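Peer 1: only geometry, no sequence info:
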Ligand SMILES: Cc1ccc(CN(C(=O)N[C@@H](CSCc2ccccc2)C(=O)O)C(=O)c2ccc3c(c2)CCN(Cc2ccccc2-c2ccc(Cl)cc2)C3)cc1
Ligand SMILES: Cc1ccc(CN(C(=O)N[C@@H](CSCc2ccccc2)C(=O)O)C(=O)c2ccc3c(c2)CCN(Cc2ccccc2-c2ccc(Cl)cc2)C3)cc1
């Protein structure tokens, strides 16, 4: 328990320090780091679209899924691409922050579950057809 | 998939941390330690380079170098600042191993760090309120 959590902290810290030098702890660590960076990049470049989105958000536990679904359906209306997948993660992140800001922290675990289901059902088939997350890492790094 | 749930959790942990929030207690510790490591490495830019002048890392001498540095680091006792330096040292030794084309040493360094943490740091950590105390102190 303390043993597993100590190994987890070590792995997390070393994954981070290796990534800062262009190295990686594992394939999964390389995906996680490249997605974190892509999220930061997307949010900064589309800071206006991010600001317009958060301003229009009126989060309540009863309308949270509705808001999630409407944005995600609009986002992927014309199909899937890596850029839109990054925007999907950025949107989930913004909805979680907005939930915590509005003292609705209970929504965070729900949003993560909705994201994971949407990924499994609607994004994973396209991801697998397009070479998987390794292709994303390769394309983003280039 | 398990890996898709893991990516979601990782991304959300990061975005919540950027606003001073956290996904979980464990995510808050990981993020506070990553930041403290970055801060220590910026404040002491030449600390590892001053050590490398004598640490010629090889699979045969890596453990002896790790053990000596870590024993010298904690000679006067444990504190949070030295624990951060311990993680930064491990990180630097892993980078140096990959630079010297001996990435096979990375998983051994990780195992040595985890054993030192379990055996020699965890009693002081637990006596000092656990990793929550570190998060509280670093955030202040
Ligand atoms: C890191 C990064 C990611 C994405 C881009 C932009 N981008 C492209 O550069 N695309 C490429 C094709 S992918 C190439 C690629 C990219 C990354 C890695 C690997 C390969 C192209 O065009 O050549 C897009 O695709 C792209 C994707 C989504 C959106 C835009 C553009 C424009 C703004 N729009 C707002 C929006 C509309 C509807 C519904 C919701 C939201 C919305 C989502 C979240 C919030 Cl928080 C707020 C609002 C979302 C730029 C940088
Ligand atoms: C985020 C942060 C952490 C630590 C500090 C610095 N620092 C202090 O400021 N400490 C405090 C008391 S703890 C306060 C605290 C800190 C963080 C969180 C919470 C509370 C003080 O004194 O006021 C120290 O403790 C401290 C600890 C270790 C060392 C130093 C200073 C100076 C350099 N020295 C080199 C060295 C010597 C022997 C063996 C190995 C190495 C060596 C380790 C790793 C490599 Cl990579 C290379 C070489 C190691 C500064 C910022």
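Peer 2: It's in. Residues are numbered from 1 along each chain as shown, chains lettered A, B, ... in the order given. Ligands and ions are numbered 1, 2, ... in the order given.
Peer 1: what kind of secondary structure is the residue of chain A at minimum distance from ligand 2 in?
Peer 2: Nearest to ligand 2, among the residues of chain A, is residue A:17, at 9.9 Å (Cβ to the nearest ligand atom). For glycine as for every other residue, the C-beta is placed from the backbone atoms N, C-alpha and C. At residue A:17 the chain is in helix, as set by DSSP: H, G, I helix; E, B strand; the rest coil.
Peer 1: test my guess that it contacts residue B:89.
Peer 2: No - assessed by Cβ atoms under 8 Å, residue A:17 is found out of contact with residue B:89, at 10.4 Å.
Peer 1: could you pull out the helices in chain A for me?
Peer 2: A:2-19, A:27-45, A:47-56, A:64-75, A:82-101, A:106-118, A:124-129, A:133-141 (DSSP state H).
Peer 1: what about residue A:7, how many neighbours?
Peer 2: 17 (other Cβ atoms under 10 Å in any protein chain shown).
Peer 1: sorry, wrong one. I was asking about residue A:23.
Peer 2: Residue A:23 - counted by other Cβ under 10 Å - has 19 other residues nearby.
Peer 1: buried set for stretch A:120-135?
Peer 2: A:123, A:127, A:133 (16 or more other Cβ atoms under 10 Å in any protein chain shown).
Peer 1: that stretch near ligand 1 anywhere?
Peer 2: No - using Cβ under 6 Å from any ligand atom, stretch A:120-135 stays clear of ligand 1, with a minimum separation of 8.4 Å.
Peer 1: contacts for that stretch?
Peer 2: By Cβ atoms under 8 Å, 6 or more residues apart in numbering or on different chains, the surrounding residues in contact with stretch A:120-135 are A:27, A:31, A:76, A:80, A:82, A:85, A:88, A:136, B:1, B:3, B:4, B:7.
Peer 1: repeat the analysis, applying 10 Å as the threshold.
Peer 2: Contact with stretch A:120-135 is made by A:27-28, A:30-32, A:34-35, A:72-73, A:76, A:79-82, A:84-85, A:88, A:115, A:118-119, A:136, A:138-139, B:1, B:3-5, B:7, as judged by Cβ atoms under 10 Å, 6 or more residues apart in numbering or on different chains.
Peer 1: filter those down to the buried ones.
Peer 2: Buried, going by 16+ other Cβ under 10 Å: A:30-32, A:34-35, A:72, A:76, A:80, A:82, A:84-85, A:88, A:115, A:118-119, A:136, B:4-5, B:7, out of the contacts of stretch A:120-135.
Peer 1: with adjacent residues omitted, what lies nearest to the residue most central in space within chain A?
Peer 2: Nearest to the geometric centre of chain A sits residue A:89, at 2.7 Å (Cα atoms, centre = their mean). Closest residue to residue A:89 apart from its sequence neighbours, by Cβ to Cβ, 6 or more residues apart in numbering or on different chains: residue B:11 at 4.9 Å.
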